[PDB]
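**Q** The structure follows.
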Amino acid sequence: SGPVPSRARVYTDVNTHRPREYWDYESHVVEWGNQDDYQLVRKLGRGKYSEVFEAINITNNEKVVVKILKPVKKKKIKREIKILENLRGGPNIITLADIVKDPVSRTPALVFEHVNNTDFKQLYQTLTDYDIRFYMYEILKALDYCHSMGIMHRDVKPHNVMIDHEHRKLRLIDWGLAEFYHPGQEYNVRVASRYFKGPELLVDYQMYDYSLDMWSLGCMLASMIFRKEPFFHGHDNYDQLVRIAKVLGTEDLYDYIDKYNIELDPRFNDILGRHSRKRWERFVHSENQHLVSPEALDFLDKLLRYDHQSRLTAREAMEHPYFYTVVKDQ
Ligand SMILES: O=S(=O)(c1ccc2ncsc2c1)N1CCC(CCNCc2ccc(-c3ccccc3)c(Cl)c2)CC1
Ligand code: NA
């Protein structure tokens, strides 16, 4: 036995065709700028792996964002830098402007282009059906691009999506968990926030690909159209799969596990039970109905599949009827 192998349906060999240096980030030599070019203005936030500041480049008086890294292995910093450099200039990808080190503490800091993000509590109540379709399309452009460039984001969620609503501008941020896709590679399943983890992660299927990001995206879409954040609210990684199973149903889950010859943890056998596949109609109510259409539900259904191979690709998703008005306007 052991699990059945898997390959991405698209962009399978994009890294194989690149020079090794493109993806072999362990070999990457970091280009350091001058720390003294930046003065910190104010703290913006703190994350698992960093503290984020607004700063000013005193050479040209530009506003920038500085992410000062907490201690991480040099290869993980190299990976994030290499990915940001490879993706620089791509649609809706955050722009890495510079990389500096404090010469005393030796702490490394990434310097980004400044994006004026719109406060969540003011965005949430104003967003129309059109706005959701528009911003979803913008995220898909970033995902198609990074996938086409041989990179999985692996941490798609609202915290990692900046919107400057005034400028109708979106950026996908926090490439610290992203990885290069190589056919045959077994990845770490301990990635992404619980609520956004794909079934492949939860059942410990390591040979995953770009399609992980499409599950995460579907989770985001569900939370936005149904006004339920998070959508799949698990207590832990095990219960997370139970919450998914109560919606997608257990029949399809067991079909997926059979197809890939996945060995399910003994714990899971007790708690999965038997669940019907639910209709999306049970999440619709008077408050959210203006966001919910046949198109939205058809699209959502085609993202949220157990079987990573059957999810829409980014480029397929962009062709879905949910986006016809957006595509016409652009
Ligand atoms: O201040 S920050 O540390 C900072 C500032 C600049 C910067 N530049 C490089 S890293 C960096 C960090 N930062 C923390 C993350 C925040 C995330 C904002 N989420 C907003 C949001 C996104 C997406 C949706 C949405 C979902 C579904 C459909 C359509 C849309 C929704 Cl509703 C809201 C921004 C501020
Ligand atoms: Na693979």
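Residues 2-331, in that order, are what chain A shows, numbered as in Swiss-Prot.
Cβ atoms here come from the backbone N, Cα and C positions, even for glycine.
Summarising the annotation, Swiss-Prot assigns active site, proton acceptor to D156. If you look up Swiss-Prot, you'll see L45, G46, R47, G48, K49, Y50, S51, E52, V53, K68 marked as ATP binding site. Taken from Swiss-Prot, the feature domain 'Protein kinase' applies to 39-324. Annotation source Swiss-Prot lists region 'Interaction with beta subunit' at 36-41.
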**Q** Can you go through the binding-site residues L45, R47, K49 and pick out those with a C-beta less than 6 angstroms from ligand 1?
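**A** Cβ under 6 Å from ligand 1: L45.
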**Q** Can you tell which of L45, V53 has the least company, meaning the fewest other C-beta atoms within 10 angstroms of its C-beta, among these binding-site residues?
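**A** With the binding-site residues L45, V53, fewest surrounding Cβ atoms within 10 Å: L45.
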**Q** If you measure every Cα to Cα distance among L45, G46, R47, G48, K49, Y50, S51, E52, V53, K68, the residues said to bind ATP, what is the biggest one in Å?
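**A** Taking every pair among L45, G46, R47, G48, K49, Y50, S51, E52, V53, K68, the longest Cα gap is 14 Å.
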**Q** Which chain neighbours of the ATP site, leaving out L45, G46, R47, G48, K49, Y50, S51, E52, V53, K68, have a Cβ atom within 8 Å of the mean position of the site's Cβ atoms?
**A** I69
**Q** State the Cα to Cα distance, in Å, between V53 (ATP binding site) and the residue listed as 'active site, proton acceptor', rounded to an integer.
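**A** Distance between the two Cα atoms comes out at 18 Å.
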**Q** Treating G and I as helix alongside H, and B as strand alongside E, what does DSSP give for the region 'Interaction with beta subunit' (36-41) in helix, strand and coil?
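**A** For that range the per-state counts are 3 helix, 3 strand, 0 coil.
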**Q** Consider the binding-site residues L45, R47, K49, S51 and say which one has the Cα lying nearest the Cα of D156 (active site, proton acceptor).
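**A** Nearest candidate: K49.
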**Q** Going by DSSP, is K49 (ATP binding site) part of a helix, a strand, or coil?
**A** coil
**Q** Counting only residues 6+ away in sequence within the same chain, which have a CB under 8 Å from the CB of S51 (ATP binding site)?
**A** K68, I69, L70, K71, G177
**Q** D156 (active site, proton acceptor) has how many other Cβ neighbours within 10 Å of its own Cβ?
**A** 21
